[PDB]
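The structure appears right after this line, and notes come after that.
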Amino acid sequence: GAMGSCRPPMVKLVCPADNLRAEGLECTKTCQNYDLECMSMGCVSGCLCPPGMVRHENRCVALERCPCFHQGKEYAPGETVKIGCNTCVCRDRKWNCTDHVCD
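Letter by letter, the sequence shown follows residues 1 to 103 of the entry's author numbering.
Structure representation (structure tokens):
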């Protein structure tokens with residue numbers, strides 16, 4: 001029934017015979033696989049978030065707003081954490097360490 005059933009869908013993406021739209025290589029695009037490997041399932045009849053948006057916790061958020069991970073825990077942008085004698089803050093889906101003097 002051409003039912004995505006992929007939770008609240010935003011943008012529908014199908015994979016042509018040779019998968020020209022998904023180029024086969026492409027399948028998913030989320031802050032998790034955006035720069036990392038993609039999941040096998042997703043290229044074929046799937047619903048993801050707009051290009052400038054990423055799929056996170058079934059919700060669409062902007063890349064600059066994407067969640068950050070540090071120690072198995074999920075953090076947010078501008079969120080600071082302490083690592084040893086240095087601290088880091090999530091900026092641009094990446095952590096920025098001050099690396100100040102170890103006290």
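Ideal Cβ placement from N, Cα and C applies to all residues, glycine included.
Does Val54 pass the burial test, meaning 16 or more other C-beta atoms within 10 Å, or should it be called exposed? buried
Below 7 Å, is the gap between the Cβ of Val61 and the nearest heavy atom of the ligand FAD? In the structure on display, the ligand FAD does not appear, and there are no ligands present to speak of.
Are three or more beta carbon pairs between the region 7–19 and the region 33–49 nearer than 8 Å? yes
Got a sec? Which residues, its chain only, sit under 8 Å from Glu74 by beta carbon, not counting five neighbours each side? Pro67 and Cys68
My understanding is that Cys43 touches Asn19, with C-beta atoms under 8 Å, so please give their C-beta distance in whole angstroms. 6 Å
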